[PDB]
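Visitor: Just passing along the structure, written as structure tokens.
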Amino acid sequence: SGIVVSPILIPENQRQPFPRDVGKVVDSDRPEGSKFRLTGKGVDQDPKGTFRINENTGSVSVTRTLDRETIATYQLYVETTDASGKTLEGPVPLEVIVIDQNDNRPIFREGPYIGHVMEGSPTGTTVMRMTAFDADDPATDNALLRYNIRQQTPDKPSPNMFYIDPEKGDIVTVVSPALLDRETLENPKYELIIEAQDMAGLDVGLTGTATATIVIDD
């Protein structure tokens, strides 16, 4: 269960106050003593201190407003280290991408998305929920977002092991419990591409995607 990252998309021209959380790094089986270390352009190199990571929780924050015309992307790296400072999970690239303030495409902000399902789980078992934008914000309601699993890899033993609720973003199993079994699964980890599309509102038709993994567990 190594370090898991997602690209961090940050709208340009964020307002006060700062810092704000923009993403997160996962490493669930991190040993005790372990801490996260973030490095790169915008971190320990120029523009210094633009981004920080909570060394304990792996939450990534931005400390100032960004202008996409100034820097459009930042290549960050994250590792875990000992209490001393010795590297445990060698550095993993992590990109920050500054979004144009006129780019209103839906964004899944809560990744990396990592799901788990017990083998033999009943058909209709909820694995996880993935949704785009905030929700509870100035209404995300207006977008009428609808969700779809664009791709599942591997495409075996069924091409559609899961189904995302179009409205809610709840990912459920749709195969017999008998099919959910590590030993008979050629690959027990699935990579999904999930898409959100605005079905109404001023940004009707805009789409965004994220990846998720789902592991069938013992």
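Simple scheme: letters A, B, ... for chains in structure tokens order, numbers from 1 for residues in each chain, numbers from 1 for ligands in the order shown.
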Please list as a list in words every residue within 10 Å of segment 49-52 of chain A, counting only C-alpha atoms and excluding residues in the same chain fewer than 4 positions away.
Guide: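 So, after excluding close chain neighbours, the residues are residues 19, 20, 21, 22, 37, 38, 39, 40, 41, 42, 43, 44, 45, 58, 59, 60, 61, 62, 63, 64, 65, 66, 74, 76 and 96 of chain A.
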Visitor: Would you write out those residues with N, CA and C atoms, as a short mmCIF file (atom, residue, chain, number, x, y, z; two decimals), in the first residue's frame?
Guide:
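File written: part_23.cif
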data_model
loop_
_atom_site.label_atom_id
_atom_site.label_comp_id
_atom_site.auth_asym_id
_atom_site.auth_seq_id
_atom_site.Cartn_x
_atom_site.Cartn_y
_atom_site.Cartn_z
N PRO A 19 -3.87 29.64 4.54
CA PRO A 19 -3.80 28.60 3.47
C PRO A 19 -5.15 27.95 3.14
N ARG A 20 -5.22 27.29 2.00
CA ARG A 20 -6.34 26.38 1.78
C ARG A 20 -5.91 25.01 1.34
N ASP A 21 -6.66 24.03 1.77
CA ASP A 21 -6.42 22.65 1.39
C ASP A 21 -6.74 22.51 -0.07
N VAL A 22 -5.87 21.82 -0.80
CA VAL A 22 -6.09 21.63 -2.22
C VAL A 22 -6.05 20.18 -2.65
N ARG A 37 7.02 14.26 3.29
CA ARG A 37 7.92 15.35 2.87
C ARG A 37 7.58 15.71 1.44
N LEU A 38 7.34 16.99 1.22
CA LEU A 38 6.92 17.50 -0.08
C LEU A 38 8.04 18.40 -0.56
N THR A 39 8.35 18.34 -1.85
CA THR A 39 9.45 19.09 -2.43
C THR A 39 9.10 19.49 -3.86
N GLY A 40 9.88 20.43 -4.41
CA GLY A 40 9.67 20.87 -5.77
C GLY A 40 9.48 22.36 -5.94
N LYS A 41 9.25 22.75 -7.19
CA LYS A 41 9.00 24.13 -7.59
C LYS A 41 7.74 24.58 -6.87
N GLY A 42 7.84 25.62 -6.05
CA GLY A 42 6.67 26.05 -5.30
C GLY A 42 6.71 25.54 -3.89
N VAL A 43 7.69 24.69 -3.57
CA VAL A 43 7.78 24.13 -2.22
C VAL A 43 9.12 24.58 -1.64
N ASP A 44 10.18 23.81 -1.89
CA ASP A 44 11.53 24.15 -1.42
C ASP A 44 12.35 24.89 -2.51
N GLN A 45 11.78 25.02 -3.70
CA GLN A 45 12.39 25.81 -4.77
C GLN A 45 11.42 26.91 -5.22
N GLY A 58 -0.86 14.27 5.49
CA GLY A 58 -0.58 14.27 4.08
C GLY A 58 -1.49 15.20 3.33
N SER A 59 -2.17 16.08 4.05
CA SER A 59 -2.99 17.08 3.40
C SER A 59 -2.10 18.14 2.72
N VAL A 60 -2.41 18.50 1.47
CA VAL A 60 -1.63 19.51 0.75
C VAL A 60 -2.39 20.83 0.76
N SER A 61 -1.70 21.91 1.08
CA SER A 61 -2.34 23.20 1.06
C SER A 61 -1.59 24.19 0.17
N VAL A 62 -2.29 25.23 -0.26
CA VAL A 62 -1.66 26.33 -1.01
C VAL A 62 -1.72 27.55 -0.12
N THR A 63 -0.67 28.40 -0.19
CA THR A 63 -0.54 29.44 0.82
C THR A 63 -0.79 30.82 0.27
N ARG A 64 -1.03 30.90 -1.03
CA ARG A 64 -1.33 32.19 -1.64
C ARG A 64 -2.19 32.01 -2.85
N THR A 65 -2.76 33.11 -3.33
CA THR A 65 -3.42 33.12 -4.63
C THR A 65 -2.47 32.83 -5.81
N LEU A 66 -3.00 32.17 -6.85
CA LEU A 66 -2.21 31.77 -8.02
C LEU A 66 -2.73 32.42 -9.29
N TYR A 74 2.97 23.04 -11.51
CA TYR A 74 4.10 22.83 -10.63
C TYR A 74 4.35 21.34 -10.49
N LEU A 76 5.62 18.72 -8.19
CA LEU A 76 5.96 18.45 -6.81
C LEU A 76 6.40 17.00 -6.70
N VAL A 96 0.75 19.82 -9.55
CA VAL A 96 -0.28 20.85 -9.42
C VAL A 96 -0.49 21.60 -10.72
#
Visitor: Could you pull out the residues in segment 17-164 of chain A that DSSP calls strand (DSSP E or B) from the backbone, as a PyMOL selection string?
Guide: chain A and resi 20-24+26+35-41+45+51-53+59-62+73-81+87+92-99+113-118+126-129+145-153+162-164
Visitor: Residues of segment 124-144 of chain A that approach segment 187-206 of chain A to 8 Å or less, counting only C-alpha atoms: could you list each one with the shortest pair of atoms and its distance in Å to one decimal, rows by chain and increasing residue number, as JSON lines?
Guide:
{"residue": "A:131", "atom": "CA", "partner": "A:196", "partner_atom": "CA", "distance": 7.7}
{"residue": "A:132", "atom": "CA", "partner": "A:196", "partner_atom": "CA", "distance": 6.6}
{"residue": "A:142", "atom": "CA", "partner": "A:201", "partner_atom": "CA", "distance": 5.5}
{"residue": "A:143", "atom": "CA", "partner": "A:198", "partner_atom": "CA", "distance": 4.8}
{"residue": "A:144", "atom": "CA", "partner": "A:199", "partner_atom": "CA", "distance": 5.0}
Visitor: Please save N, CA, C and O atoms of the selected residues as a short mmCIF file (atom, residue, chain, number, x, y, z; two decimals), in the first residue's frame.
Guide:
data_model
loop_
_atom_site.label_atom_id
_atom_site.label_comp_id
_atom_site.auth_asym_id
_atom_site.auth_seq_id
_atom_site.Cartn_x
_atom_site.Cartn_y
_atom_site.Cartn_z
N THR A 131 -17.77 12.37 -6.25
CA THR A 131 -18.60 13.45 -6.76
C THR A 131 -17.71 14.58 -7.11
O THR A 131 -16.60 14.72 -6.54
N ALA A 132 -18.18 15.38 -8.07
CA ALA A 132 -17.42 16.49 -8.56
C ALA A 132 -17.91 17.77 -7.89
O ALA A 132 -19.01 17.82 -7.31
N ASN A 142 -26.83 23.38 -9.74
CA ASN A 142 -27.11 24.01 -11.03
C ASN A 142 -26.56 23.26 -12.25
O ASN A 142 -27.09 23.42 -13.38
N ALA A 143 -25.49 22.53 -12.02
CA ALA A 143 -24.76 21.77 -13.04
C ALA A 143 -25.49 20.53 -13.45
O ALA A 143 -25.20 19.97 -14.51
N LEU A 144 -26.40 20.03 -12.59
CA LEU A 144 -27.06 18.72 -12.82
C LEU A 144 -26.00 17.68 -13.22
O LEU A 144 -26.03 17.12 -14.34
#
Visitor: Would you list the contacts of segment 78-93 of chain A as number ranges by chain, taking every protein, DNA or RNA residue within 8 Å and counting only C-alpha atoms, but skipping same-chain residues closer than 2 positions in sequence?
Guide: A: 2-3, 5, 25, 30, 33-39, 75-76, 95
Visitor: Generate the output file for the selected residues, N, CA, C and O atoms, as an mmCIF file, in the first residue's frame.
Guide:
data_model
loop_
_atom_site.group_PDB
_atom_site.id
_atom_site.type_symbol
_atom_site.label_atom_id
_atom_site.label_comp_id
_atom_site.auth_asym_id
_atom_site.auth_seq_id
_atom_site.Cartn_x
_atom_site.Cartn_y
_atom_site.Cartn_z
ATOM 1 N N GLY A 2 1.571 1.536 -1.080
ATOM 2 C CA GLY A 2 2.489 2.667 -1.091
ATOM 3 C C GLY A 2 1.842 4.043 -1.017
ATOM 4 O O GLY A 2 0.676 4.234 -0.602
ATOM 5 N N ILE A 3 2.617 5.020 -1.449
ATOM 6 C CA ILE A 3 2.121 6.374 -1.518
ATOM 7 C C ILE A 3 1.186 6.377 -2.699
ATOM 8 O O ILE A 3 1.477 5.763 -3.733
ATOM 9 N N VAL A 5 -1.061 9.197 -5.031
ATOM 10 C CA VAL A 5 -1.305 10.588 -5.328
ATOM 11 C C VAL A 5 -2.340 10.744 -6.421
ATOM 12 O O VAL A 5 -2.648 9.790 -7.172
ATOM 13 N N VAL A 25 -2.191 13.432 -0.062
ATOM 14 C CA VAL A 25 -1.398 12.288 -0.465
ATOM 15 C C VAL A 25 -1.826 11.171 0.472
ATOM 16 O O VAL A 25 -2.021 11.414 1.641
ATOM 17 N N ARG A 30 1.694 3.445 6.188
ATOM 18 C CA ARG A 30 2.800 4.235 6.719
ATOM 19 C C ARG A 30 3.160 3.755 8.117
ATOM 20 O O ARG A 30 2.280 3.657 8.968
ATOM 21 N N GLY A 33 6.136 6.795 13.379
ATOM 22 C CA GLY A 33 7.392 7.557 13.238
ATOM 23 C C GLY A 33 7.465 8.269 11.900
ATOM 24 O O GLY A 33 7.998 9.370 11.799
ATOM 25 N N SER A 34 6.921 7.621 10.875
ATOM 26 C CA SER A 34 6.800 8.106 9.503
ATOM 27 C C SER A 34 6.177 9.516 9.352
ATOM 28 O O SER A 34 5.211 9.877 10.053
ATOM 29 N N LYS A 35 6.681 10.287 8.398
ATOM 30 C CA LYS A 35 6.078 11.585 8.045
ATOM 31 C C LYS A 35 6.239 11.853 6.560
ATOM 32 O O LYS A 35 7.148 11.294 5.914
ATOM 33 N N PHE A 36 5.356 12.695 6.022
ATOM 34 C CA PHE A 36 5.402 13.091 4.630
ATOM 35 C C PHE A 36 6.314 14.295 4.408
ATOM 36 O O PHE A 36 6.323 15.236 5.201
ATOM 37 N N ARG A 37 7.017 14.260 3.288
ATOM 38 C CA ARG A 37 7.917 15.349 2.867
ATOM 39 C C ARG A 37 7.576 15.711 1.437
ATOM 40 O O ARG A 37 7.515 14.846 0.565
ATOM 41 N N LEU A 38 7.341 16.988 1.216
ATOM 42 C CA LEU A 38 6.920 17.502 -0.082
ATOM 43 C C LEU A 38 8.040 18.404 -0.559
ATOM 44 O O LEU A 38 8.668 19.103 0.256
ATOM 45 N N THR A 39 8.347 18.339 -1.854
ATOM 46 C CA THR A 39 9.450 19.092 -2.432
ATOM 47 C C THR A 39 9.101 19.494 -3.856
ATOM 48 O O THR A 39 8.123 18.992 -4.431
ATOM 49 N N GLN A 75 5.585 20.923 -10.686
ATOM 50 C CA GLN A 75 5.932 19.537 -10.462
ATOM 51 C C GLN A 75 6.435 19.355 -9.019
ATOM 52 O O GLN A 75 7.531 19.792 -8.676
ATOM 53 N N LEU A 76 5.620 18.715 -8.189
ATOM 54 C CA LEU A 76 5.965 18.452 -6.807
ATOM 55 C C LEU A 76 6.397 16.997 -6.699
ATOM 56 O O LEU A 76 6.210 16.217 -7.657
ATOM 57 N N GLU A 95 1.648 16.371 -9.574
ATOM 58 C CA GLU A 95 1.488 17.648 -10.298
ATOM 59 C C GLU A 95 0.401 18.557 -9.759
ATOM 60 O O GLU A 95 -0.756 18.123 -9.576
#
Visitor: Under the rule that only C-alpha atoms are counted, which of A:168, A:109, A:48, A:116 is the nearest residue to residue 134 of chain A?
Guide: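 Of the candidates, the smallest distance to residue 134 of chain A is held by A:109.
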Visitor: Can you list, as a PyMOL selection string, every residue of segment 23-201 of chain A that DSSP puts in helix (DSSP H, G or I)?
Guide: chain A and resi 140-143+177-179+182-184
Visitor: If we count only C-alpha atoms, what is near residue 100 of chain A at a cut-off of 10 Å, once residues fewer than 5 positions away on the same chain are taken out, given as a ChimeraX atom specification?
Guide: /A:10-13,67-69,72
Visitor: Find, counting only C-alpha atoms, the residue in A:94, A:185, A:117, A:178 that gets nearest to residue 156 of chain A.
Guide: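 For residue 156 of chain A, the nearest of the given residues is A:185.
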Visitor: Please provide as a list in words all residues within 7 Å of segment 120-124 of chain A, with the sequence filter that same-chain residues fewer than 6 positions apart are discarded (counting only C-alpha atoms).
Guide: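 Non-adjacent residues within range: residues 172, 173, 174, 175, 176, 177, 178, 180 and 181 of chain A.
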Visitor: Nearest residue to residue 130 of chain A out of A:102, A:184, A:6, A:209, using only C-alpha atoms?
Guide: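 The shortest atom-to-atom distance to residue 130 of chain A comes from A:209.
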Visitor: Pick the closest to residue 126 of chain A from A:108, A:147, A:162, A:77: which is it, counting only C-alpha atoms?
Guide: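 Going through A:108, A:147, A:162, A:77 one by one, the smallest distance to residue 126 of chain A is for A:162.
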